[PDB]
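Taking it in order: structure first as structure tokens, then the write-up.
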Amino acid sequence: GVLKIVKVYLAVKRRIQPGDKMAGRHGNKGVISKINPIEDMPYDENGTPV
Amino acid sequence: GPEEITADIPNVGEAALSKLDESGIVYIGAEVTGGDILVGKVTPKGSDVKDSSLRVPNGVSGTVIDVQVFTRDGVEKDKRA
Amino acid sequence: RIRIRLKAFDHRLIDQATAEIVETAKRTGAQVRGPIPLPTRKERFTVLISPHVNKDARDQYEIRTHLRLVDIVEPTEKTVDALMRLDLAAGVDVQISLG
Amino acid sequence: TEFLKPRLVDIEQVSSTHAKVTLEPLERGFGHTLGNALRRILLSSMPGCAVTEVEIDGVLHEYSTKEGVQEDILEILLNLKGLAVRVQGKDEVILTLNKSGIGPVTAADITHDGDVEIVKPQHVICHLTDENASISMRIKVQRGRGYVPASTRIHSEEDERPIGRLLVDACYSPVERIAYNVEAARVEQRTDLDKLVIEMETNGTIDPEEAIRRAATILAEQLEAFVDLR
Amino acid sequence: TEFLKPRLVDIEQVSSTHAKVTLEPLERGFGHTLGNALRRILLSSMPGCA
Amino acid sequence: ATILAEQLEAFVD
Amino acid sequence: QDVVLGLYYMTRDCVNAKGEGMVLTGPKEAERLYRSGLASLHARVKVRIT
Amino acid sequence: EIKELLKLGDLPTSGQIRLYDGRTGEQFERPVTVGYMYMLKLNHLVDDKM
Amino acid sequence: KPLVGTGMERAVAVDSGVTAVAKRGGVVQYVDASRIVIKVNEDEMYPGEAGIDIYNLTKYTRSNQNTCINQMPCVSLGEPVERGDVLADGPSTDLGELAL
Amino acid sequence: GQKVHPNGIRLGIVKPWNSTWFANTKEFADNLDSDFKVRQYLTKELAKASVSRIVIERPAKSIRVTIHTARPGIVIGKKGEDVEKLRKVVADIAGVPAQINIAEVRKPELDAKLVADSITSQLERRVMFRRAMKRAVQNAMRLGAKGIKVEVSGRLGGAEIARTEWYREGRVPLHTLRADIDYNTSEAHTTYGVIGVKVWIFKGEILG
């Protein structure tokens with residue numbers, strides 16, 4: 001029956017962006033709102049950003 | 001008549017023959033997005049030609065990782081088959 | 001001392017090459033002599049431009065081979081070797097010569 | 001106006017990467033101002049070189065696999081994105097890595113030129129297992145700032161490049177972690193002065209006094225718009 | 001590696017003791033740098049007599 | 001602004 | 001939800017803080033004392049409001 | 001045992017570290033909780049819904 | 001690798017057949033670009049059919065929900081493995097555990 | 001034979017060279033020959049692929065080819081299958097290590113050579129030359145050429161008496177050296193004889 005059978009496999013690589021949905025294991029749903037720079041993050045006194 | 005797998009895509013100009021070979025179909029790999037052409041697949045009598053050539057959907061990008069073809073015993077040009 | 005003879009047809013390219021070489025020299029070693037411009041070879045050619053006959057009909061071409069003489073006074077351990085990995089842009093024939 | 005001016009008095013290198021630096025003397029209250037301003041600038045806007053385009057021979061896309069290696073090609077591109085290069089003269093160079101034989105492929109196997117310096121001679125990239133396997137990649141190292149990703153650099157690139165060059169994301173900033181502390185200064189006649197102890201953590205490629213000088217010039221030339229015009 | 005210098009676009013002078021210095025455009029995460037630096041200096045370091 | 005610029009006037013290029 | 005927590009932490013009081021029982025000539029220098037680091041956000045104080 | 005394991009590492013026993021702000025450089029009052037939660041990315045991506 | 005797990009990650013990541021659990025124990029030859037090649041220890045090895053086990057790794061392919069199911073070898077060359085041990089980490093697995 | 005070649009007059013200023021290498025009087029002729037060979041081969045191979053400009057560049061006893069083509073997909077084929085194949089043959093032709101790069105030609109209607117080739121093809125498959133010419137001109141204009149000229153000559157419509165016809169549109173300054181004038185030529189080997197196609201495409205003036 002079917003004559004011309006061409007299947008093409010794309011592969012998109014999606015990163016993360018304002019609007020995706022993340023969640024932990026406990027039921028804490030979330031839509032990631034702002035993708036901040038590294039500088040504006042709350043850093044502890046050791047220097048590492050959260 | 002039957003439809004055809006050829007790059008000789010009509011009306012549309014030097015924006016059809018690009019991510020493909022001289023005998024038609026997407027040439028594998030590449031940074032394809034939306035509105036591109038993957039498999040030239042259009043018939044004559046369908047100055048009466050058209051564009052059913054399966055393209056890339058709107059909004060998606062990607063890399064052609066694999067092309068499978070168990071087509072109608074004939075898909076070949078003069079020899080890739 | 002390392003004498004370096006840069007030769008090329010494009011002058012800008014040659015200049016670029018020379019600068020690069022100087023940079024390579026100057027970080028590792030010390031007291032680079034300098035990029036001294038030698039005379040350019042203007043090798044001219046006349047040819048008849050007709051297929052058959054018309055002798056006063058002529059084109060006069062030329063190839064301007066430019067020379068750059070870069071010298072390095074103190075060859076250190078680090079400096080001389082640095083050029084091995086440091087290849088220059090294409091269309092520039094270099095010619096290093098120590099002593 | 002009884003103000004003073006600070007200087008970089010002591011610059012200690014705890015290691016080749018993690019290195020503190022003092023600043024002395026600062027006026028009263030200025031410590032957290034200069035520390036937070038230099039933190040924001042030193043984390044956002046520093047120039048550093050990174051891997052941009054990787055060109056492996058006998059490859060179609062980045063999601064394939066190769067003969068004789070461990071890490072797959074996405075793993076190789078991630079391990080190359082972590083690389084730390086320090087060029088001097090040019091702003092765009094092309095390196096070469098060629099190696100055959102059973103054993104891991106360090107970063108010390110890249111056939112360096114004169115003006116490029118690879119500061120991590122134990123950075124692993126591949127694990128070649130077959131002795132008949134080879135790998136010949138040609139890396140391209142640009143120089144910029146911030147974060148410019150593959151999607152935006154998919155049409156931004158003007159110089160029409162040929163097809164087959166894998167595009168790696170560009171993490172240009174060589175500063176990863178910075179903390180400042182406002183101590184009490186040991187001034188022999190003043191008690192109301194303080195020192196600023198900036199504790200940088202670099203990529204190994206940036207020189208800390210040069211980084212502080214560049215961040216200070218960035219801040220001064222940004223404030224010149226307030227100084228001159230109104 | 002070249003930075004965006006701004007133009008001071010507005011001094012909306014509300015009264016003789018009021019201003020609003022609209023100022024654009026800066027690099028991403030530089031408005032907070034300039035604003036916080038000027039604010040701390042103007043609060044706790046500007047000379048004067050009373 | 002000129003207070004901060006003269007404060008940072010030392011180690012610039 | 002977030003904004004009522006910010007208000008309930010802001011307009012509250014504690015029996016001792018920085019600047020307990022000092023006197024302030026207006027709300028503008030109340031915010032100036034909070035920002036410079038000389039009083040606390042909840043510290044009971046006679047102000048002069050209009 | 002969580003407290004005792006937080007004492008084996010050199011971390012504070014309460015689980016809470018004082019954090020500064022990346023914008024203003026000044027300490028958040030009343031120390032906040034920092035830790036490692038195992039967060040998942042669910043397959044409800046925003047550029048399949050737009 | 002979840003830092004706070006329950007220990008049931010191992011059983012789920014093995015028992016769902018997304019990882020290439022070794023059938024017969026032994027050493028390894030590790031051609032692996034195409035397939036893990038495991039030399040079998042003699043006690044688990046049949047008298048006839050001399051035999052070394054060649055595991056097929058399923059590289060980048062389509063799942064039912066358009067995600068990517070991919071297996072990566074987590075054992076090096078010349079390294080002992082036992083029966084029931086894992087060899088190739090599937091999608092969302094890290095050394096035989098379960099990393100969603 | 002009135003006119004100077006538009007590429008040739010501008011090589012020092014606005015146009016660059018195709019073969020880009022240095023050699024002494026000893027090895028120069030040989031190099032040239034090699035270039036001729038490789039180029040010829042490439043033309044033969046990538047006829048169906050729309051190829052504009054082969055740029056040869058040989059440093060350090062190793063030849064670097066750069067193929068400017070409108071559709072890389074047909075020249076590359078499957079990722080690194082066709083290119084690789086090409087490479088070894090190139091090397092053989094040269095007698096040195098080969099390296100093929102493939103530049104993607106944005107806007108093949110504005111590339112002159114490509115246009116010429118297209119026209120030739122059209123002529124070969126028995127279209128009205130005039131209509132083809134019009135198409136060529138129009139398309140270029142649409143694409144954003146500051147101007148274009150095309151000229152076709154000899155045995156037009158199989159006529160006994162040969163003649164030349166040409167269509168210009170926009171501005172095509174040839175005396176102006178700083179003008180980016182992409183010139184190129186082709187030849188239609190028809191049943192009645194050859195039909196030569198010239199085409200000038202003016203991208204714009206360069207300021208330096």
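Every chain in the structure tokens has a letter given in the order shown (A, B, ...), and although residue numbers restart at 1 in each chain, ligands are simply numbered from 1 in the order shown.
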
Which residues of chain A sit at most 8 Å from chain B, using only C-alpha atoms? Give each one's shortest atom pair and distance in Å (one decimal place), in chain and ascending residue order, as CSV.
```
residue,atom,partner,partner_atom,distance
A:2,CA,B:72,CA,7.5
A:3,CA,B:72,CA,4.3
A:4,CA,B:71,CA,4.5
A:5,CA,B:71,CA,4.6
A:6,CA,B:69,CA,4.9
A:7,CA,B:68,CA,5.2
A:8,CA,B:67,CA,4.7
A:9,CA,B:66,CA,5.2
A:10,CA,B:64,CA,4.5
A:11,CA,B:62,CA,5.0
A:12,CA,B:62,CA,4.2
A:13,CA,B:62,CA,7.0
```

Name the residues in contact with residue 22 in chain A at a cut-off of 9 Å, using only C-alpha atoms, excluding same-chain residues fewer than 4 positions from it; report them as a list in words.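 Counting only C-alpha atoms, the residues come to residues 28, 29, 30, 31 and 32 of chain A; 39, 40, 41, 42, 43 and 44 of chain H.
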
For C-alpha atoms, I'd like the residues from the last selection saved as an mmCIF file, in the first residue's frame.
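Ended up saving to result_16.cif:
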```cif
data_model
loop_
_atom_site.group_PDB
_atom_site.id
_atom_site.type_symbol
_atom_site.label_atom_id
_atom_site.label_comp_id
_atom_site.auth_asym_id
_atom_site.auth_seq_id
_atom_site.Cartn_x
_atom_site.Cartn_y
_atom_site.Cartn_z
ATOM 1 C CA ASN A 28 6.041 21.644 45.594
ATOM 2 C CA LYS A 29 5.088 22.631 42.079
ATOM 3 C CA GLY A 30 6.524 25.689 40.480
ATOM 4 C CA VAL A 31 6.692 27.694 37.306
ATOM 5 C CA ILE A 32 10.229 29.109 37.105
ATOM 6 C CA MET H 39 14.455 19.360 41.990
ATOM 7 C CA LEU H 40 12.995 17.770 38.869
ATOM 8 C CA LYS H 41 12.048 19.220 35.486
ATOM 9 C CA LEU H 42 8.598 18.024 34.492
ATOM 10 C CA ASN H 43 7.694 17.601 30.841
ATOM 11 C CA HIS H 44 5.286 20.515 30.705
#
```

With the cut-off set at 12 Å and counting only C-alpha atoms, tabulate each residue of chain H with an atom at most that distance from an atom of chain G, showing the nearest atom pair and its distance in Å to one decimal, ordered by chain and increasing number, as JSON lines.
```
{"residue": "H:24", "atom": "CA", "partner": "G:35", "partner_atom": "CA", "distance": 10.4}
{"residue": "H:26", "atom": "CA", "partner": "G:37", "partner_atom": "CA", "distance": 9.7}
{"residue": "H:27", "atom": "CA", "partner": "G:37", "partner_atom": "CA", "distance": 10.8}
{"residue": "H:29", "atom": "CA", "partner": "G:40", "partner_atom": "CA", "distance": 9.9}
{"residue": "H:30", "atom": "CA", "partner": "G:9", "partner_atom": "CA", "distance": 11.0}
```

Show me, as a list in words, every residue of chain D with an atom at most 9 Å from chain F, counting only C-alpha atoms. residues 3, 4, 5, 6, 7, 8, 26, 34, 212, 213, 214, 215, 216, 217, 219, 220, 223, 224, 226 and 227 of chain D

What residues in chain B get the DSSP label strand (DSSP E)? Please answer as a PDB file with N, CA and C atoms, in the first residue's frame.
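Result written to result_2.pdb:
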```
ATOM      1  N   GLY B  29      22.067  15.703   9.664  1.00  0.00           N
ATOM      2  CA  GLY B  29      22.729  16.659  10.564  1.00  0.00           C
ATOM      3  C   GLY B  29      22.004  17.984  10.421  1.00  0.00           C
ATOM      4  N   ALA B  30      22.721  19.117  10.295  1.00  0.00           N
ATOM      5  CA  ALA B  30      22.248  20.512  10.053  1.00  0.00           C
ATOM      6  C   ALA B  30      21.509  21.161  11.240  1.00  0.00           C
ATOM      7  N   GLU B  31      21.455  22.495  11.220  1.00  0.00           N
ATOM      8  CA  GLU B  31      20.790  23.339  12.251  1.00  0.00           C
ATOM      9  C   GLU B  31      19.451  23.835  11.694  1.00  0.00           C
ATOM     10  N   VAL B  32      18.563  22.894  11.367  1.00  0.00           N
ATOM     11  CA  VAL B  32      17.213  23.145  10.782  1.00  0.00           C
ATOM     12  C   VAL B  32      16.317  23.780  11.850  1.00  0.00           C
ATOM     13  N   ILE B  37      12.885  22.933   4.674  1.00  0.00           N
ATOM     14  CA  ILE B  37      12.419  21.827   3.844  1.00  0.00           C
ATOM     15  C   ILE B  37      13.260  20.609   4.195  1.00  0.00           C
ATOM     16  N   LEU B  38      12.598  19.488   4.483  1.00  0.00           N
ATOM     17  CA  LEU B  38      13.282  18.245   4.802  1.00  0.00           C
ATOM     18  C   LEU B  38      13.210  17.224   3.684  1.00  0.00           C
ATOM     19  N   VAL B  39      12.004  16.950   3.178  1.00  0.00           N
ATOM     20  CA  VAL B  39      11.796  15.947   2.092  1.00  0.00           C
ATOM     21  C   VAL B  39      10.944  16.528   0.955  1.00  0.00           C
ATOM     22  N   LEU B  54       7.004  17.787   2.901  1.00  0.00           N
ATOM     23  CA  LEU B  54       6.996  17.827   4.350  1.00  0.00           C
ATOM     24  C   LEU B  54       8.116  18.739   4.868  1.00  0.00           C
ATOM     25  N   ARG B  55       7.737  19.825   5.530  1.00  0.00           N
ATOM     26  CA  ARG B  55       8.710  20.819   6.063  1.00  0.00           C
ATOM     27  C   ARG B  55       8.816  20.655   7.582  1.00  0.00           C
ATOM     28  N   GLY B  62      16.453  22.062  15.424  1.00  0.00           N
ATOM     29  CA  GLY B  62      16.987  20.771  15.781  1.00  0.00           C
ATOM     30  C   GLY B  62      18.030  20.301  14.810  1.00  0.00           C
ATOM     31  N   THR B  63      18.469  19.073  15.028  1.00  0.00           N
ATOM     32  CA  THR B  63      19.476  18.425  14.211  1.00  0.00           C
ATOM     33  C   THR B  63      18.882  17.120  13.714  1.00  0.00           C
ATOM     34  N   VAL B  64      18.945  16.893  12.402  1.00  0.00           N
ATOM     35  CA  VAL B  64      18.466  15.647  11.819  1.00  0.00           C
ATOM     36  C   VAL B  64      19.403  14.534  12.269  1.00  0.00           C
ATOM     37  N   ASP B  66      18.684  11.138  12.195  1.00  0.00           N
ATOM     38  CA  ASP B  66      18.537   9.867  11.511  1.00  0.00           C
ATOM     39  C   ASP B  66      17.477  10.015  10.440  1.00  0.00           C
ATOM     40  N   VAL B  67      17.691   9.350   9.313  1.00  0.00           N
ATOM     41  CA  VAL B  67      16.754   9.341   8.198  1.00  0.00           C
ATOM     42  C   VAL B  67      16.538   7.883   7.825  1.00  0.00           C
ATOM     43  N   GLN B  68      15.317   7.397   7.986  1.00  0.00           N
ATOM     44  CA  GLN B  68      14.951   6.055   7.568  1.00  0.00           C
ATOM     45  C   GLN B  68      14.095   6.148   6.320  1.00  0.00           C
ATOM     46  N   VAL B  69      14.271   5.142   5.444  1.00  0.00           N
ATOM     47  CA  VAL B  69      13.689   5.057   4.077  1.00  0.00           C
ATOM     48  C   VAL B  69      13.618   3.570   3.662  1.00  0.00           C
TER      49      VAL B  69
END
```

Which residues are close to range 24-28 of chain I, i.e. within 6 Å by only C-alpha atoms, leaving aside same-chain residues fewer than 5 positions away? Reply as a VMD selection string. chain I and resid 37 to 41 78 to 83

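CA of residue 34 in chain J sits 12.2 Å away from CA of residue 98 in chain J.
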
Between CA of residue 71 in chain D and CA of residue 33 in chain I, what is the distance, to one decimal in Å?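 CA of residue 71 in chain D sits 9.4 Å away from CA of residue 33 in chain I.
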
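Within 10 Å of chain H, chain I contributes the residues residues 1, 2, 3, 4, 5, 65, 66, 67, 99 and 100 of chain I, using only C-alpha atoms.
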
With 10 Å as the cut-off and only C-alpha atoms counted, what is the closest atom pair between each nearby residue of chain E and chain A? Distances in Å to one decimal, ordered by chain and number, as JSON lines.
```
{"residue": "E:28", "atom": "CA", "partner": "A:37", "partner_atom": "CA", "distance": 8.8}
{"residue": "E:29", "atom": "CA", "partner": "A:37", "partner_atom": "CA", "distance": 8.0}
{"residue": "E:32", "atom": "CA", "partner": "A:40", "partner_atom": "CA", "distance": 9.4}
```

Proximity check chain J to chain B, 7 Å, nearest pairs one decimal Å, only C-alpha atoms, as a tab-separated table:
```
residue	atom	partner	partner_atom	distance
J:48	CA	B:22	CA	6.5
J:49	CA	B:22	CA	6.8
J:71	CA	B:18	CA	4.5
J:72	CA	B:18	CA	6.9
J:73	CA	B:19	CA	4.8
J:74	CA	B:21	CA	3.7
J:77	CA	B:27	CA	5.4
J:78	CA	B:27	CA	5.5
J:79	CA	B:29	CA	6.2
J:108	CA	B:14	CA	6.6
```

Neighbouring residues of residue 32 in chain G were defined as those with any atom within 10 Å, considering only C-alpha atoms; residues of the same chain fewer than 5 positions away were excluded. Please report them as a VMD selection string. (chain E and resid 43 to 44) or (chain G and resid 27 37 to 39)

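The helix (DSSP H, G or I) portion of chain E consists of residues 31, 32, 33, 34, 35, 36, 37, 38, 39, 40, 41, 42, 43 and 44 of chain E, with states taken from DSSP on the backbone.
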
Using only C-alpha atoms, determine which residues of chain I fall within 12 Å of chain B; present them as a tab-separated table (two decimals) with C-alpha atoms, in the first residue's frame.
```
chain	number	residue	atom	x	y	z
I	59	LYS	CA	22.12	5.29	21.65
I	60	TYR	CA	20.09	8.44	20.95
I	61	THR	CA	16.55	7.43	20.08
I	62	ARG	CA	12.93	8.37	20.52
I	68	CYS	CA	15.66	10.74	24.70
```

Quick check, in Å to one decimal: how far apart do CA of residue 28 in chain D and CA of residue 193 in chain D lie?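 Taking CA of residue 28 in chain D as the start and CA of residue 193 in chain D as the end point, the length is 5.7 Å.
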
Using only C-alpha atoms, which chain E residues lie at most 12 Å away from chain H, written as a PDB file with N, CA, C and O atoms, in the first residue's frame?
```pdb
ATOM      1  N   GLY E  29      22.170  44.586  34.872  1.00  0.00           N
ATOM      2  CA  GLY E  29      22.694  44.540  36.210  1.00  0.00           C
ATOM      3  C   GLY E  29      23.707  45.614  36.503  1.00  0.00           C
ATOM      4  O   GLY E  29      24.639  45.373  37.272  1.00  0.00           O
ATOM      5  N   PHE E  30      23.573  46.785  35.884  1.00  0.00           N
ATOM      6  CA  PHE E  30      24.406  47.929  36.214  1.00  0.00           C
ATOM      7  C   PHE E  30      23.623  49.068  36.836  1.00  0.00           C
ATOM      8  O   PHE E  30      24.227  49.904  37.520  1.00  0.00           O
ATOM      9  N   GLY E  31      22.314  49.117  36.602  1.00  0.00           N
ATOM     10  CA  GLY E  31      21.490  50.118  37.245  1.00  0.00           C
ATOM     11  C   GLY E  31      21.503  49.980  38.747  1.00  0.00           C
ATOM     12  O   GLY E  31      21.601  50.968  39.470  1.00  0.00           O
ATOM     13  N   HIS E  32      21.486  48.738  39.232  1.00  0.00           N
ATOM     14  CA  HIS E  32      21.551  48.505  40.664  1.00  0.00           C
ATOM     15  C   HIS E  32      22.918  48.852  41.227  1.00  0.00           C
ATOM     16  O   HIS E  32      22.998  49.351  42.350  1.00  0.00           O
ATOM     17  N   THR E  33      23.978  48.654  40.439  1.00  0.00           N
ATOM     18  CA  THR E  33      25.321  49.025  40.877  1.00  0.00           C
ATOM     19  C   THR E  33      25.443  50.526  41.070  1.00  0.00           C
ATOM     20  O   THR E  33      25.815  50.993  42.158  1.00  0.00           O
ATOM     21  N   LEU E  34      25.081  51.298  40.039  1.00  0.00           N
ATOM     22  CA  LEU E  34      25.181  52.754  40.125  1.00  0.00           C
ATOM     23  C   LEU E  34      24.237  53.319  41.175  1.00  0.00           C
ATOM     24  O   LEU E  34      24.627  54.187  41.966  1.00  0.00           O
ATOM     25  N   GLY E  35      23.004  52.814  41.212  1.00  0.00           N
ATOM     26  CA  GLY E  35      22.027  53.333  42.145  1.00  0.00           C
ATOM     27  C   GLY E  35      22.391  53.062  43.591  1.00  0.00           C
ATOM     28  O   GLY E  35      22.298  53.955  44.433  1.00  0.00           O
ATOM     29  N   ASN E  36      22.824  51.838  43.897  1.00  0.00           N
ATOM     30  CA  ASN E  36      23.161  51.524  45.274  1.00  0.00           C
ATOM     31  C   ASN E  36      24.421  52.252  45.719  1.00  0.00           C
ATOM     32  O   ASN E  36      24.494  52.714  46.867  1.00  0.00           O
ATOM     33  N   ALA E  37      25.402  52.398  44.817  1.00  0.00           N
ATOM     34  CA  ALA E  37      26.626  53.111  45.173  1.00  0.00           C
ATOM     35  C   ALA E  37      26.339  54.578  45.463  1.00  0.00           C
ATOM     36  O   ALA E  37      26.773  55.117  46.496  1.00  0.00           O
ATOM     37  N   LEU E  38      25.552  55.218  44.595  1.00  0.00           N
ATOM     38  CA  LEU E  38      25.200  56.610  44.826  1.00  0.00           C
ATOM     39  C   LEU E  38      24.329  56.766  46.065  1.00  0.00           C
ATOM     40  O   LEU E  38      24.482  57.741  46.801  1.00  0.00           O
ATOM     41  N   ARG E  39      23.445  55.802  46.328  1.00  0.00           N
ATOM     42  CA  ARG E  39      22.549  55.929  47.462  1.00  0.00           C
ATOM     43  C   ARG E  39      23.306  55.832  48.771  1.00  0.00           C
ATOM     44  O   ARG E  39      23.067  56.627  49.680  1.00  0.00           O
ATOM     45  N   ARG E  40      24.257  54.904  48.870  1.00  0.00           N
ATOM     46  CA  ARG E  40      24.998  54.784  50.121  1.00  0.00           C
ATOM     47  C   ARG E  40      25.922  55.969  50.333  1.00  0.00           C
ATOM     48  O   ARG E  40      26.077  56.443  51.471  1.00  0.00           O
TER      49      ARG E  40
END
```

Non-local contacts of residue 21 in chain D (8 Å; only C-alpha atoms; under 5 positions in same chain excluded) as a ChimeraX atom specification: /D:8,10-12,197-200,208

Sort by chain and increasing residue number a table of all residues of chain D within 12 Å of chain G, each with its closest pair of atoms and their distance in Å to one decimal, counting only C-alpha atoms, and write it as JSON lines.
```
{"residue": "D:29", "atom": "CA", "partner": "G:36", "partner_atom": "CA", "distance": 9.1}
{"residue": "D:30", "atom": "CA", "partner": "G:36", "partner_atom": "CA", "distance": 11.7}
{"residue": "D:32", "atom": "CA", "partner": "G:36", "partner_atom": "CA", "distance": 11.4}
{"residue": "D:33", "atom": "CA", "partner": "G:36", "partner_atom": "CA", "distance": 11.6}
```

Using only C-alpha atoms, which chain J residues lie at most 8 Å away from chain C, written as a list in words?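 Therefore, the residues near the partner are residues 20, 21, 22, 23, 57, 58 and 59 of chain J.
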